[PDB]
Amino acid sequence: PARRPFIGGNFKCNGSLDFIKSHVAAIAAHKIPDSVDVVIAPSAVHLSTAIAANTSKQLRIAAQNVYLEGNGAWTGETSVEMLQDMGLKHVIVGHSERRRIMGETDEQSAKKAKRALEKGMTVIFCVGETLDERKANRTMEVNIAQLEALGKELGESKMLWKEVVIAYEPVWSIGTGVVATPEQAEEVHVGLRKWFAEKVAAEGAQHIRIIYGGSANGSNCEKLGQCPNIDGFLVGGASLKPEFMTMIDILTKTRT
């Protein structure tokens, strides 16, 4: 029931070539212990540049999205095969900006994840409810439906769950500066542990990482990290700034 802490930084649709070289170099220059997983996710056109600038043996690079077919006639998309050819092993799937703004459905998110996992990738799988859904008292029902879809696609092959990191990001917390309270986030995380224990495996539930995202930063992260079911963070805006490195330091001290 001892879990390795995880922190991811999602650059989103931001960055120039020079900023990527500079900021990746600054993170890579920081001490990153071997006892914590640290991942950053640049925009797709910047992945090659980030890889070249990454001089750290610990720092990993992730893609922000992937398509759910292999190589073929899919103009504008990126395949799992392309990422692995570049040497990448991490990918974000189902981010709310894609679920709620660009119409990506529960099942499509689940199918993207399944294919990446079967190929041997680590998937940061995102779930979260909107303000309306929370007001209608549907928080846990929404979050569990999103996960259930993945369970459906995965099947009785529960071994693929081993490379899933679940990221809970309430939609009303994304980019708004309104971070959830420790009480709000821990409640949802506890909910998800119990679902995982019931629907997948009790021993598995003890080992899978569940991270919190949505306005997480260097000021508010320490208190959150003390919640027992919060294994780390998926960081948006702050991952573009010097305080990402400070978050790495605090995560290490809190949970290792």
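The numbering used is simple: start at 1 and walk along the sequence shown.
A.B. asks: Between 18-26 and 240-248, which has the higher average C-alpha B-factor in the PDB entry?
C.D. replies: Looking at the recorded C-alpha B-factors, 240-248 comes out higher on average.
A.B. asks: Per the PDB record, is the mean Cα temperature factor higher over 73-81 or over 151-159?
C.D. replies: It is 151-159.
A.B. asks: At the C-alpha atoms, which of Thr130, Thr122, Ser109, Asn137 reaches the highest B-factor in this entry?
C.D. replies: Reading the PDB entry, the winner on C-alpha B-factor is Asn137.
A.B. asks: Can you tell me which of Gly213, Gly191, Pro42, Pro33 has the highest Cα temperature factor in the record?
C.D. replies: That would be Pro33, according to the entry.
A.B. asks: For the chain shown, is the CA B-factor of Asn229 in the lowest, middle or highest third of its modelled residues?
C.D. replies: Tercile = middle for this residue's CA B-factor.
A.B. asks: Among the modelled residues of this chain, does the Cα B factor of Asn220 put it in the lowest, middle or highest third?
C.D. replies: It falls in the top third of the chain.
A.B. asks: Ranking the modelled residues of this chain by C-alpha B-factor as given in the entry, is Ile61 in the lowest, middle or highest third?
C.D. replies: Lowest third.
A.B. asks: How does the C-alpha B factor of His95 compare with the rest of the chain: lowest, middle or highest third?
C.D. replies: Its C-alpha B-factor belongs to the middle third of this chain's values.
A.B. asks: Sorting the chain's CA B-factors, does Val200 end up in the lowest, middle or highest third?
C.D. replies: Its C-alpha B-factor, which the entry lists for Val200, ranks in the middle third among residues of this chain.
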